[PDB]
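Taking mature numbering (1 follows the signal peptide of the UniProt record, and there is no 0), I'd label the letters of the sequence shown as residues 10 to 588. A quick write-up on the structure given underneath.
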Amino acid sequence: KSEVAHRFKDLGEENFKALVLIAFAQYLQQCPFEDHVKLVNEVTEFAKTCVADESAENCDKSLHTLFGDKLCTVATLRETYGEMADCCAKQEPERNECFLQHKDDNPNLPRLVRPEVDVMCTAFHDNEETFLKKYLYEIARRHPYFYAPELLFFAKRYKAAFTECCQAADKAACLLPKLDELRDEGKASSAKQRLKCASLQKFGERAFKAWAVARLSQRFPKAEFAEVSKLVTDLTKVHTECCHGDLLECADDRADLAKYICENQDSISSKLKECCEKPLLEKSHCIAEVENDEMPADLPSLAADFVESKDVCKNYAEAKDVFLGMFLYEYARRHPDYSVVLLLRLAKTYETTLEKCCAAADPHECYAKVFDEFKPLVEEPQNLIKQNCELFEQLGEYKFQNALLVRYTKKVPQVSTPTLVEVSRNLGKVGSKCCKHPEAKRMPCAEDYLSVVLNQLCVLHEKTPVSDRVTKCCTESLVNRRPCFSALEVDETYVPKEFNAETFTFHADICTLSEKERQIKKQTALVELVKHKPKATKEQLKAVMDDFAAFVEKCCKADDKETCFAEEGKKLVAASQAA
Ligand code: HEM
Ligand SMILES: CCCCCCCCCCCCCC(=O)O
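Next comes the structure, spelled out in structure tokens:
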């Protein structure tokens, strides 16, 4: 009746206030902090109002309306936003769709920074509130499409950090490690959702639902197809809706989707019991990260319904897409251990098949050997996971990274050295954070991490194109992306680098540097070395890295550093060059 008083109630003034603020700071990305706060209090006062007397004037007004009605209050709306001010001329449904166009995705405001730990804690102290709010403000404006609720989620964590680290003795040592963790974590989520939306516009809905059908019926094996369909569909609207920038519709539909999933809890998953006990703002979040339920076991076989049984083509023809979804749902709920995209791949295959068979004399004998073709597809990833994990075992994380370094560098030598370093050590942590798991949960794992890394990689090659091959990959569908890379061969075109003493000239600094440092300086040298002599047999290289490993101990453990490095250095450089 007065949805605001309705939200204000289950949200709580705090949560209401911050949410309202972010919303205004993602639409009016230029107005000064103060002006927004005025708006926040302004809108809140009205909310408390409705909470008292629902019937009060305007309280019946829809949220988009209330919003777009207050958006059209700012006077410097035409001065500041110029064209956008026109929007106010339209009626709700259009007025809002209008504001959304003017949302500067990547605007031009100064980077952010990180004041002195001491200035911070002081700020955080004198005025707890305005301090946190301002930053919240700064961020939101720099990321107009970031999901509001989730931002608020980070918010409270921050607040914890400060009320925790600003009291200890060693401040910078209690806070800095967390501030860094909130950053990287925040940048993952930012990258994460931007990719999701990137997929939605490029390959569209159809594709998008396929992904959603797979993943969901993977997380909810016991739900009926009709049930998973609904979710997938509802779910698709939501994404489309946030990606557009509609904090509101996004927030509501998400709100509903969770209410629906929690009322029908027993009809979907047993892993939801906890999630649904939690408060409004926290359910959605809890559910999207829920563990997979466990499969029925008394499940039939796929062969029956999709390969043997005639009239297969008849079914497919009545509703080609509904049928494939069924195929997908079925195959998927039996394989938590598969990767969403692997499943998609098969799904793709099966589809292709049918089109090339249902128009034949005897179809039933045409597509009977389907399940065999899936074998190559399924084996391919599994090998790479087996092959690559074992190798990660023998060699510690660090040692395994070098391996990849030596691997990929030989693949794309043209890339920047520091680049390769980063893309590798990152690939290393994957093999660790994943292989530590049992089979069933490996691919899924690999896939979840690998997708961002491989993406992070594309963000860099695009900014500094060096090779087409890597570009070719980064542009192909999301399904092929990964395969496209595993398909890269050693570069025989490349013409080795010319020796550069200083490149291999190591002084005594690495001795007192933190492991992370030593490792980097070391790894850099390696990459370089492989750029100098690409035809280096796996053997040769180790040989080299070993003398070096020791070389480093023999010098930092000597009484005369710098002299040991300079003297013993020409010796390693020679013997090496000798191979
Ligand atoms: C309620 C408070 C806060 C929230 C919700 C928040 C949220 C975020 C998010 C989502 C990002 C990553 C987005 C991106 O760069 O692409 C980020 C980055 C960052 N945040 Fe915060 N933050 C808060 C407070 C602070 C505070 C108090 C500081 C410093 C005193 C800070 C410093 C930074 C820095 C340095 C980055 C990285 C910026 C860059 O990459 O150039 N944040 N934050
Ligand atoms: C109309 C909504 C239907 C949702 C179910 C998707 C059906 C799967 C068709 C095959 C998807 C191929 C995906 C791809 O190769 O990009």
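Using N, Cα and C, we set each Cβ at its ideal position, and we do this for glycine too.
Here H470 is not near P505, since their CB atoms are 9 Å or more apart. Collapsing the DSSP output to three states places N273 in coil. Taking all protein chains shown into account, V222 has 16 or more neighbouring C-beta atoms within 10 Å of its C-beta and is therefore buried. Annotation for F212 indicates a beta carbon within 8 Å of some heavy atom of ligand 2.
For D243, same chain residues with a beta-carbon under 6 Å away, outside a window of 5 residues either side, are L266 in chain order. Leaving aside the five residues that flank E12 on each side, the residues in its chain whose CB is nearer than 8 Å to its CB run, in chain order, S71, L72.
By the 16-neighbour rule on beta-carbons within 10 angstroms, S495 is exposed.
Of all alpha-carbon atoms in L463, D62, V46, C573, the one lying nearest the alpha-carbon of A14 is that of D62. DSSP, reduced to helix, strand and coil, places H516 outside both helices and strands of the structure shown, so it counts as coil. Counting along the chain, no alpha helix (DSSP H) covers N301, and no H or E run does either. Taking 8 Å as the cut-off, the C-beta of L204 does not count as close to any heavy atom of ligand 1. Within the same chain, Cβ atoms closer than 6 Å to the Cβ of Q35 are found at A149, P153, the five residues on either side in sequence being excluded. In the three-state reduction of the DSSP assignment, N117 falls in the coil class, being assigned neither a helical nor a strand state. In the DSSP assignment, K540 falls within the alpha helix (DSSP H) that extends over 524-541. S318 sits in coil when the DSSP states are folded into three classes, being neither helix nor strand.
DSSP, reduced to helix, strand and coil, places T546 outside both helices and strands of the structure shown, so it counts as coil. Residue nearest to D381 within the set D371, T362, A368 is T362 (criterion: CA-CA distance). Within 8 Å of the C-beta of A164 there is at least one heavy atom belonging to ligand 1.
Exclusion of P153 from the 8 Å shell around ligand 1 follows from its C-beta lying no nearer than that to any non-hydrogen atom of the ligand. Under the 8 Å Cβ criterion, the stretch 429-440 counts as touching the stretch 397-408, having at least three qualifying pairs.
Here the distance from the Cβ of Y144 to the nearest heavy atom of ligand 1 is below 8 Å. If you draw a 10 Å sphere on the C-beta of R104, you find 16 or more other C-beta atoms in it, and that means buried. About 7 Å separates the beta carbons of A164 and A27, which is inside the 8 Å limit, making them a contact pair. At the C-beta level, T53 and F76 stay beyond 9 Å of one another. Counting C-beta pairs closer than 8 Å gives three or more between the stretch 222-241 and the stretch 294-304, which meets the contact rule.
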